[PDB]
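As structure tokens, one chain now follows by itself in the form deposited in one PDB entry.
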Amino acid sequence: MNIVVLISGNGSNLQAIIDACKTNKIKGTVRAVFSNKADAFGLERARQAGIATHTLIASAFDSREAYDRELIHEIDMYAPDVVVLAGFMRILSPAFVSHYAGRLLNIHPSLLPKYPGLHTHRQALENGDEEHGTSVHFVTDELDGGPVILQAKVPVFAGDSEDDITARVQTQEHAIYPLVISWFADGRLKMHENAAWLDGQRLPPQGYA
């Protein structure tokens, strides 16, 4: 079970994945870590774990197509069974999505379909939401990004700051992302016809419940 993780920053989710592989909770290994930002601390987490790292900077390519062409080329050297987006903040082209159809995962910090874009925590707090959360989903060419596999909700209280909420959501992420990856590694989770199936059961719109 070869895992390739794509990141853009801190890498706390990447770390939770690395940790779960080490305990064998995830019966697999992170073979390589890719980042579109050279200064991402996630690259350091990978280097300290003895994991191969690669960085592709946008300015080194003259088109989004060329960038993804090289990205696919480099990722495939590791023969990934699953490609995991963990804080990767760069849109992946349809060609990339198709190439890894059914084996591309993403984690989005909101209770989809709400706040499908950027600044999710900011929006939750400013709109005074009572609940917030995160969603792990299969990435497809669909307009909504793909079928949700699992969500985690967290309460939002009056005094909470954006950092308070962000950290609270990330704690859930560190738990559900490795869990979802373990379901995939175990062959229990599969994507088919733009739908997520767990243990042969078609999952509802907001994931396993």
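All residue numbers refer to positions in the sequence shown, first residue = 1. Rigid core here is just the name for the largest C-alpha set that superposes within 1.5 Å across the two forms.
Asker: Specify whether residue 126 falls into a modelling gap in a third or more of the other PDB entries of this protein.
Answerer: Yes.
Asker: Any chance residue 114 is unbuilt in a third or more of the other entries we compared?
Answerer: Comparison shows residue 114 dropped in at least a third of the other entries.
Asker: Going by the B-factors listed in the PDB entry, is the mean over the C-alpha atoms higher for 5-13 or for 194-202?
Answerer: On average, C-alpha B-factors are higher across 194-202.
Asker: May I ask you to compare 104-112 and 121-129 by their mean CA B factor in the entry and name the higher one?
Answerer: On average, C-alpha B-factors are higher across 121-129.
Asker: Per the PDB entry, which option out of 36, 29, 171, 48 has the greatest Cα B factor?
Answerer: Of 36, 29, 171, 48, 48 has the highest C-alpha B-factor.
Asker: Just to confirm, going by the entry's C-alpha B-factors, which of 61, 177, 184, 41 comes out highest?
Answerer: If I rank 61, 177, 184, 41 by C-alpha B-factor, first place goes to 61.
Asker: Lowest, middle or highest third: where is residue 154 by C-alpha B factor in its chain?
Answerer: As the PDB entry reports it, the C-alpha B-factor of residue 154 lands in the middle third of its chain.
Asker: Can you tell me whether residue 143 has a C-alpha B-factor in the lowest, middle or highest third compared with the other modelled residues of the same chain?
Answerer: Answer is highest: the recorded C-alpha B-factor places it there.
There is another form of the same protein, the form deposited in another entry; it is not shown, and what comes next is about it.
Asker: Given a core-based superposition, decide whether the C-alpha of residue 44 shifts by 2 Å or more between this form and the one not shown.
Answerer: Superposed on the core, residue 44 moves its C-alpha less than 2 Å between this form and the one not shown.
Asker: Kindly check if the Cα atom of residue 70 is displaced 2 angstroms or more between this form and the one not shown relative to the superposed rigid core.
Answerer: Shift at residue 70: below 2 Å after core fit.
Asker: Kindly indicate if, in the other entry, the C-alpha atoms of residue 90 and residue 143 are closer or farther apart than in the structure shown, bearing in mind the change is 3 Å or more.
Answerer: The answer is closer, because the C-alphas of residue 90 and residue 143 approach each other in the other entry by 3 Å or more.
Asker: Might you say whether the CA atoms of residue 67 and residue 142 end up closer or farther apart in the other entry than in this form? Their distance differs by 3 Å or more.
Answerer: Relative to the displayed form, residue 67 and residue 142 draw closer in the other entry - a change of at least 3 Å between their C-alphas.
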